[PDB]
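The structure tokens that follow cover one protein chain in two forms, given apart as structure 1 and structure 2.
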Structure 1
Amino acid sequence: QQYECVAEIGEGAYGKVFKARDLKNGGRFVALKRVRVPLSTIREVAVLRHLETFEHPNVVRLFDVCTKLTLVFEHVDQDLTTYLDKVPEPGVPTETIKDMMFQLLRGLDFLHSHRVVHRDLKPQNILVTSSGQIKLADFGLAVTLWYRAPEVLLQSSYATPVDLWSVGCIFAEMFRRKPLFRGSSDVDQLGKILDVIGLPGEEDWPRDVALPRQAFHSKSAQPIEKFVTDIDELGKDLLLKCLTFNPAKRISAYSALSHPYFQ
């Protein structure tokens, strides 16, 4: 074969991800993702190859596709989880947070402008390169609920703002070094969210969902500087715009790129 698996990176309800030696290309490490056995899949692979033509710096490179399905990506040594675990006290430098967030938002805007929704954005699939570059992985192909948007939890809408809620959760965690909303179920996750942001207006609550606004009594919105210590005034404004309950009122990745926090 053209590839030689040397270690396992991950396993789950997708298949397995292996760290492999790319024999033909000077023995460089690559990440091979193996998938199961359609037509919606043919189309998803076509979008992946098309996104690769842009070679965006803030998404993992796709080097090959094999015929069950093998996806060959550029290998990157660590994820954001291991990065946050190893960073010395008192934490991630203030400008390292800003730079990683800008790159996260560039990769996300690239994906959103090409009508790809990530849907499972978390530190586990945000990869940190040897030179400190952010690269997005595990997207374009169809478990922790800590980064799930309220509209996904409520099962109402699944548009691009879903990823901006996840970004807000990641932004807060870059400061905290611990997840912001650590719920044990969809109902618990929603409860934990509203204990912080507060209850939205009855007209910001989606109609025809199973969970009504009355199922929660999470009274007032608590100040965010309590849960996210050391965040500046600008970072706080951007954090709140990502963590807006109504997805139609939530900031997009494109406007986030223009926010004064990145000046």
Structure 2
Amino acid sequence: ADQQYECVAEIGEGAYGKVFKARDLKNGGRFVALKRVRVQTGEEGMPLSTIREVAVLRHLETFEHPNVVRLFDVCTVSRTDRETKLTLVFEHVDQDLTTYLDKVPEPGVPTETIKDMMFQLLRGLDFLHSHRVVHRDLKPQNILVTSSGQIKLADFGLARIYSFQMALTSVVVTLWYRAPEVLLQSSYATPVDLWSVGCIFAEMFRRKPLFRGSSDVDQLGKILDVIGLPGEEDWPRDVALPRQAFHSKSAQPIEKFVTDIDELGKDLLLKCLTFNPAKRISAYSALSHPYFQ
């Protein structure tokens, strides 16, 4: 394209190149999101990953899942040999979970809306897993919410920095959704995403993040303070930070923080927020949980 899509603003830049907001000139100038990468030619040609990643996106698009953001197009602009400007065009939703949650009136989000969003979230998440794709960076700013109230999973590759008041330290917000296996630099498998679903789930009630760690060792602790120290059987073998590294942790009643959640909600929430990745619920299972009736 690049004459059909007209940029209007740069949103930022991160792991997937620069992100812009543009008008789709062949659909009434409706807003669309673009990702632009400068792909490096090798003596081997086009870089494997570049090819693989675009391949997978294009392919998952075939299925048109309602809970994943649409990929409208792929434009190419070859500069010289060594450079090719690659551009992915996606559907754009001018609102994410964060902008929504911290905008709702005081009572909070309707419990019935929390359920509906949560169901859709696991719907699109189950779709990705079932096609052997792991998101690995499920943060609320990657969760799109249409005015209609529809959930669409994104992945902009854009980090957000949060600065701690008194501490004079900062962190990249994603840390707050990172699963323990990941923090302990142990396994990085699919359950990884369920732990985040659990964090996001809890956040819908709180409208404030559940575990706001300042480092990865700090995060780990913030977690064990609530869920309690796992047993010998549930801690990862041969890992840099042993179970012994964290003193006795009781296990406070989750509702103490995910205020106003219900009995079945609490059940699902803890099945996501389960330390041992192998005993953590699956997107498909969660989906079949009596919370959704």
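Basically, rigid core = biggest C-alpha set you can superpose within 1.5 Å across the two forms. Each residue is numbered by where it sits in the sequence of structure 1, with counting from 1.
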query: Did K249 shift 2 Å or more between structures 1 and 2, C-alpha, core superposed; finding: no
query: Rigid core superposed, the C-alpha shift at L239 between structures 1 and 2 in Å; finding: 0.3
query: Angstrom displacement of the CA atom of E11 between structures 1 and 2, core fixed; finding: 2.7
